[PDB]
Amino acid sequence: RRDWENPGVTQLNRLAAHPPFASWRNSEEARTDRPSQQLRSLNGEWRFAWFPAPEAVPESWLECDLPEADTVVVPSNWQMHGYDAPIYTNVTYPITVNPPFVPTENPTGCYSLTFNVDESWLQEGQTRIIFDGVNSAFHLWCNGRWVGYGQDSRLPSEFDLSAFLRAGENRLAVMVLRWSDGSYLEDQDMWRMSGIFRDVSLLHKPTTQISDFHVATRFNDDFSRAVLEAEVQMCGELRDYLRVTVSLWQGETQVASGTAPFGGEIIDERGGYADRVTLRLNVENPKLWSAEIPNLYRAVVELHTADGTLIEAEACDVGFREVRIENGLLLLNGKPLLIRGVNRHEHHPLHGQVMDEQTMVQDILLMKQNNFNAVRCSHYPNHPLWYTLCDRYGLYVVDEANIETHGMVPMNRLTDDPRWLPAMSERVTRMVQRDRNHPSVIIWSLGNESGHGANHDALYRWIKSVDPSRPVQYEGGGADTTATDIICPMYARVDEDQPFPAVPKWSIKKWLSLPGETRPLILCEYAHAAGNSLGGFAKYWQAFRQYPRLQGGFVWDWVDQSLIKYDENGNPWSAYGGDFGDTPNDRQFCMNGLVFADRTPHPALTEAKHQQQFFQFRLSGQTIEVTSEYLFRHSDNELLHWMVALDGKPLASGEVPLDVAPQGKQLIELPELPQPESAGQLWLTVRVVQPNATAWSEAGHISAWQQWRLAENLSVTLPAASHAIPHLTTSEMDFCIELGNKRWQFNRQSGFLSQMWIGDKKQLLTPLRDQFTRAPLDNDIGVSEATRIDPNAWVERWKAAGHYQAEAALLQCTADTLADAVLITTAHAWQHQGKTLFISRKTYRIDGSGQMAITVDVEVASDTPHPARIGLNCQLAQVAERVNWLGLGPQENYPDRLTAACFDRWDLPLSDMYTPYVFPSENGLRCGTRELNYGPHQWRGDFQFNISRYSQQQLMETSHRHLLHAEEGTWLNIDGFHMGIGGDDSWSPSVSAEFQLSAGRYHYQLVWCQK
Amino acid sequence: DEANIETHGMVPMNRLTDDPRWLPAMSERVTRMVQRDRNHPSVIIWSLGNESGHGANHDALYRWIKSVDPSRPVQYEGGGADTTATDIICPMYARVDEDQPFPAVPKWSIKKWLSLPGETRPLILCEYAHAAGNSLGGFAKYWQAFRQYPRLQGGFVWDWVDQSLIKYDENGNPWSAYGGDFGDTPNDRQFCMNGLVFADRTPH
Amino acid sequence: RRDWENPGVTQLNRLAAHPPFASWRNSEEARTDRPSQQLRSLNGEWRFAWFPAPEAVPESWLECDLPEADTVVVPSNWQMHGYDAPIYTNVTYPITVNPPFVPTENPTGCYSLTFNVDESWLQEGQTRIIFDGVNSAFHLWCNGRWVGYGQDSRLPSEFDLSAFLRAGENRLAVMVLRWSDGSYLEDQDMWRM
Ligand SMILES: O=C1O[C@H](CO)[C@H](O)[C@H](O)[C@H]1O
Ligand SMILES: O=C1O[C@H](CO)[C@H](O)[C@H](O)[C@H]1O
Ligand SMILES: [Mg+2]
Ligand SMILES: [Mg+2]
Ligand SMILES: [Mg+2]
Ligand SMILES: [Mg+2]
Ligand SMILES: [Mg+2]
Ligand code: NA
Ligand code: NA
Ligand code: NA
Ligand code: NA
Ligand code: NA
Ligand code: NA
């Protein structure tokens, strides 16, 4: 029958979808959500054998264990155990596009388990098996007898095993197919794996059972009154003595309870549902649920007889909240939301796509700690525990159907075909039937990148009909089709339009006011965080805050999809597309997270945290104005700390408790501060500290901060005259300067400071030269597909122009002796194919104090692509343990991504001055730096810099971080100017004009001296 | 043009149509109809079927047609004749002046139906003036109303021809049979004959 | 697999639906809507045999005409030929309401046709068969090989027979089931045939 090559057959003998069940036979256990003796886990060690195709599977496998099989842990993806390679491809399908057919060589995983089943489970009731996640299709056998079939790798497939089991030992046989017609709806840009990767368990339900229940909460205008409505469905024989009681609990207090026999109201000419009943409970002054304060109640649904005999009980957490779009705004409990979200795949570097509670909790804590209040389930229903945690910790969730057909041409070829409507409908309907009771889910998504087809409109309407409590959204076909209540573009820019034909990405500010448009706009994806990214992030938030209908978005994305591999020594290293022999592959494009695979933050995380702060500030005179962006809570766990420092040196500080109501403001008058003595710039730095611990953070947690330049006193004091006068030694080949035991050597041939001595120890391994290039960032490379060679990308334009090939040609090199110093004047031209790209003119002034004043004036030909940077670089002969600097920090920060950094005195070990991006590139830069200290060296001025054991050349030529080797000495890059890193997307030039070095003529000065 | 979907015998009527497990089977009866007949100028209105109550599957298929073929209005009578699955109020046997306030699915008099708060759609009875036997009394009342009220745009009489079958007696002469004459049981007897003309097309 | 008791399976190997085709190889004929040589009718005399259930159908029938069968005209409702009785019920289903199951005693009509096909049709192109109406479900065989399945009594079911036909004589075998899960969607107030 080859059911795995037929979109008409998405399952066989599969039970109906429903909300989480546990079949408690005790109500208190249901109330407290404790383990149920009726819900057994079958996770653990299973038997496993791998086959090249389903036709290679021996019939004997159905009757008994294959000796050739191994014992492995379940859940798991078999690629993670080494049976075959995991494949990383973005758009292009991992298989030949020929729906509904899949390759004849179809990796087949045969799972089997021998287990016991208590006789008590078979003497009465129904025993079913539950597979929470099987990728991508499978056949089931119990004791050699065929049971059923199932598709959709992201939702549970349940089967009745009542007639298949026997008291004692039993054996299951599961044939998991890697590829199936379902694979055509699962073309998400992620690793392609397979197997039983989610839980497997047995559930025993009585014959007369609760087969489904829906919980709805409606409110009056001011939310002071609520009605909890619970519809309950049952299966089995209807009896007049049967009853359903629904009780609502607030902690250990019972708030309300209602009982009633079965039999619903009249529906149509034929009657009503005799097997259903709806309980309505009144609730006064309900504690409302929100991401801010996740208030929760517990609803227990008991099925019982009139004489008080419990048959079974189910239950769920209930969050009282209303979600609705009104007059163009997405409102929660009547307040307009501002979505600080992020897309999040279920990925683990060792276990692949298998999710565990610990990793989930770790992600949520890190998310809330970094000011995120929402998550999009890109691009499929998640492990059932995710929703429970988001309900309890408080995060708004966009639950998304497992449907992506990106590799089709056009994208909507399948979604506009009615023959695929059935398969698509199940991926949407079974998601809703499963997650509809979770308060954390506030929006339904029809899928991702499947263009826009008629099948979308049908399913959109289906949701709106069965569940009017949640808005529905979908980005395909232009982000504003008739299948979405929300304009949800991906990578649409703030001010710049991208007028693509048919599916244009208008700037978000413009999109809102297009003739006739009235819907709110929330980007489903934005600020692509691939590698050194998030440049321009602050631009989005300034817009989100200014425009009511711009209600945020979800950053792409949370965690790098890198996998752990081990070298000969057994040392682990991070791998990406193509490191498993997988091909075609899209290499490093699977890594776009704010955090590394092991959850260590990327520098970009701090920028997001800062921009997504819930408190805003304005300074006026001595008054700090604090505005709360919380919609429901007062600042009852916040105190503001302020600090004033003169160039890093603390002068005054203090703290005032914060007491601002949601959306309110507070004025904090700073005490009179004694004006500083010495010259310099005074800086005010405020930060919000939460004194008390919470479910998501520790005491002392910093949730927000901001800085302001205060008074500055320019230095007018003339330095005391020097004691000695530097001496100039002119030779045919050099210009050497002597002063004490210090020496400076300038090569008259190259025209660069080739060497500098302190005593007799050389300070440089490589001369000090200009540098106008950088090891390309993921954004500079600009490709989402390894097969695309984009000429328009920055790196390609830089190479073509010869920036990476340019060579300095000495135009001038003279030396003069001044009354108290030596002046070396030079001029260089950088050319490529007879074209002068850059002209750099410098002057070096070394005086009696041993300080070398370097002035650099650069010319950049207007018709050459704007350079990555304008500065100098050299390889210092020495290596120190610390790096001290007065500037923006402490973390890596670039021109278009430095709002989170603070000007102050920072001191870190050399290693922290290097960011371990899996795919090496320019990194570790720090801007607004006025002083840099390293070893015995000190550089002063107004520059940007990075310092590490890796030259731009090595980073540029090494594809993986684990292959980098520390070079002798220390590489120093000091830039007068540096181009933005961009990030609006990573497959087209994204550096905003204001951050491009297009001025033509640049000037910067650096003083180099001994410390 | 009407999809082959009628689940009248269910309790309640929408038991299958509000069940997503039956959405596939239902979608094929609607989608394959549209793909076959969309080029015929005679077809001016699509129908989602008959007497299947009103379920979510109806709303889904209703929108599917509106999306693939905007040139024709879509109508459906199940669930009250005025649900979100129909562009036309299309009751069956709703009377001209007399209301029939059935619970949940009332059949208002057609003149009153048009003006209910918020109602704006045209009204065309998908079925009316049941011509079973000596019938059609009051027919003229409908037409006086159709002519006076702009939004009352007619209807479809039920129905065209008796569903009687030919049987033969001892002499071998033909006679007109109805429910139960073939030993079929249970059966609803003469209720299959509601036409304006006899089975042989002779006028009533 | 009892495909007639599974609303999840409404057809097997059925071609996409589409507007009326005639495949003219002459435009003038297409303009005047004249008969097309590429569209052959298979209406006429067929071989038919009635069975109380699909389980009673002998395997021999798949590759050889049953001698007990009669020659009947098609299209036709078998109740009209007297094989069993037509049923008239208004609202109440003629079968026990227990979706998606139907009675085990499911009147089965076995149709077969021996017909010719010219090599010119098989040497090039696609040859498909079209059933404009089959009540209410059926399995199709061609020269003893299973071809497909179909439901919905009021729309055409088309199947590609290009790989099952041969030059010369060919034999179709169609097993039509009176009841199927599709019957649950066909409870119109009319005779049940
Ligand atoms: O548009 C997109 O951009 C991302 C690029 O990393 C990723 O492929 C998402 O799944 C896709 O929706
Ligand atoms: O409401 C109806 O009335 C008629 C009674 O003869 C017939 O049963 C139609 O099919 C049905 O829609
Ligand atoms: Mg399939
Ligand atoms: Mg994609
Ligand atoms: Mg700032
Ligand atoms: Mg079927
Ligand atoms: Mg009826
Ligand atoms: Na806004
Ligand atoms: Na990606
Ligand atoms: Na406080
Ligand atoms: Na690199
Ligand atoms: Na009128
Ligand atoms: Na009738």
# chains A, B, ... in the order shown; residues from 1 in each chain; ligands from 1
>>> residues_near_ligand(ligand="ligand 3", cutoff="8 Å", atoms="only C-alpha atoms and all ligand atoms", output="number ranges by chain")
A: 2-11, 151, 180-182
>>> write_last_selection(atoms="C-alpha atoms", output="mmCIF file, in the first residue's frame")
data_model
loop_
_atom_site.group_PDB
_atom_site.id
_atom_site.type_symbol
_atom_site.label_atom_id
_atom_site.label_comp_id
_atom_site.auth_asym_id
_atom_site.auth_seq_id
_atom_site.Cartn_x
_atom_site.Cartn_y
_atom_site.Cartn_z
ATOM 1 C CA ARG A 2 2.980 2.319 0.525
ATOM 2 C CA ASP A 3 0.871 4.634 2.691
ATOM 3 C CA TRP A 4 3.964 6.842 3.146
ATOM 4 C CA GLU A 5 3.660 7.973 -0.491
ATOM 5 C CA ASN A 6 0.019 9.013 -0.324
ATOM 6 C CA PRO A 7 -1.139 12.353 1.083
ATOM 7 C CA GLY A 8 -4.577 10.741 1.181
ATOM 8 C CA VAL A 9 -3.491 8.494 4.042
ATOM 9 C CA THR A 10 -2.059 10.446 6.987
ATOM 10 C CA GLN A 11 -2.911 7.732 9.505
ATOM 11 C CA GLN A 151 2.145 10.958 10.119
ATOM 12 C CA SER A 180 7.124 10.138 3.581
ATOM 13 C CA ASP A 181 4.570 12.338 1.820
ATOM 14 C CA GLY A 182 4.511 14.190 5.135
#
>>> closest_atom_pairs(of="chain C", to="chain B", cutoff="8 Å", atoms="only C-alpha atoms", output="CSV")
residue,atom,partner,partner_atom,distance
C:7,CA,B:25,CA,6.0
C:8,CA,B:25,CA,7.0
C:9,CA,B:25,CA,7.9
C:10,CA,B:25,CA,6.4
C:17,CA,B:32,CA,5.6
C:18,CA,B:36,CA,4.8
C:19,CA,B:36,CA,4.4
C:20,CA,B:36,CA,7.0
C:85,CA,B:182,CA,5.9
C:86,CA,B:184,CA,6.9
C:87,CA,B:184,CA,5.1
C:88,CA,B:179,CA,5.0
C:89,CA,B:187,CA,4.6
C:90,CA,B:188,CA,6.1
C:91,CA,B:9,CA,5.1
C:92,CA,B:9,CA,5.1
C:93,CA,B:9,CA,5.7
C:94,CA,B:186,CA,7.7
C:97,CA,B:10,CA,7.8
C:152,CA,B:29,CA,6.8
C:153,CA,B:4,CA,7.9
C:154,CA,B:4,CA,6.5
C:155,CA,B:33,CA,7.0
C:182,CA,B:25,CA,7.9
C:184,CA,B:7,CA,6.2
C:185,CA,B:5,CA,4.9
C:186,CA,B:6,CA,5.3
C:187,CA,B:6,CA,5.3
C:188,CA,B:6,CA,5.8
C:189,CA,B:192,CA,7.4
C:190,CA,B:192,CA,6.2
C:191,CA,B:163,CA,7.7
>>> atom_distance(atom1="atom 4 (C, counted along the ligand's line) of ligand 2", atom2="atom CA of residue 45 of chain B")
20.1 Å
>>> residues_near_ligand(ligand="ligand 4", cutoff="10 Å", atoms="only C-alpha atoms and all ligand atoms", output="list in words")
residues 89, 90, 91, 92, 186, 187, 188, 189, 190, 379, 404, 405, 406, 407, 448, 449, 450 and 784 of chain A
>>> residues_near_ligand(ligand="ligand 11", cutoff="9 Å", atoms="only C-alpha atoms and all ligand atoms", output="list in words")
residues 775, 776, 777, 778, 918, 919, 920, 921, 922, 953, 954, 955, 956, 957, 958, 959, 960 and 961 of chain A
>>> select_by_dssp(residues="segment 78-177 of chain C", states="strand (DSSP E)", output="VMD selection string")
chain C and resid 87 to 89 108 to 117 128 to 131 137 to 142 145 to 151 157 to 160 168 to 177
>>> decode(residues="segment 152-198 of chain B", atoms="C-alpha atoms", output="short mmCIF file (atom, residue, chain, number, x, y, z; two decimals), in the first residue's frame")
data_model
loop_
_atom_site.label_atom_id
_atom_site.label_comp_id
_atom_site.auth_asym_id
_atom_site.auth_seq_id
_atom_site.Cartn_x
_atom_site.Cartn_y
_atom_site.Cartn_z
CA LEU B 152 -37.16 38.57 -1.16
CA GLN B 153 -35.81 37.19 -4.40
CA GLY B 154 -37.88 34.05 -4.89
CA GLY B 155 -37.13 30.45 -4.10
CA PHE B 156 -37.12 26.86 -5.30
CA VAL B 157 -40.38 24.93 -5.12
CA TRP B 158 -40.12 21.45 -3.67
CA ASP B 159 -40.15 19.82 -5.99
CA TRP B 160 -40.22 18.97 -9.71
CA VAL B 161 -41.22 15.32 -10.16
CA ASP B 162 -42.77 12.56 -8.01
CA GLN B 163 -40.26 9.85 -7.13
CA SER B 164 -42.69 7.03 -7.89
CA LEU B 165 -41.48 3.78 -9.48
CA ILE B 166 -43.20 1.49 -11.97
CA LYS B 167 -44.34 -1.96 -10.86
CA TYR B 168 -46.55 -4.48 -12.70
CA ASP B 169 -49.66 -6.34 -11.57
CA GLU B 170 -50.86 -9.87 -12.35
CA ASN B 171 -52.11 -8.75 -15.77
CA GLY B 172 -48.70 -7.21 -16.39
CA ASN B 173 -50.09 -3.68 -16.40
CA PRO B 174 -47.95 -0.88 -14.93
CA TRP B 175 -48.81 1.00 -11.75
CA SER B 176 -47.11 3.74 -9.72
CA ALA B 177 -45.43 2.57 -6.53
CA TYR B 178 -43.88 4.38 -3.59
CA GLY B 179 -42.14 3.62 -0.31
CA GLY B 180 -42.81 0.13 0.99
CA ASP B 181 -44.03 -1.32 -2.31
CA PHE B 182 -40.80 -3.28 -2.78
CA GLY B 183 -40.76 -4.86 0.65
CA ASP B 184 -38.33 -2.13 1.70
CA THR B 185 -38.67 -1.47 5.43
CA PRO B 186 -38.51 0.76 7.33
CA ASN B 187 -39.75 3.20 4.67
CA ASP B 188 -41.56 6.52 4.48
CA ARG B 189 -44.33 5.57 2.04
CA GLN B 190 -45.73 8.32 -0.20
CA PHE B 191 -43.40 11.02 1.10
CA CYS B 192 -41.20 10.45 -1.97
CA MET B 193 -43.88 11.99 -4.23
CA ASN B 194 -43.81 15.78 -3.85
CA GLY B 195 -43.62 16.84 -7.51
CA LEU B 196 -45.45 19.39 -9.66
CA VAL B 197 -45.55 16.67 -12.32
CA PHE B 198 -46.03 12.88 -12.22
#
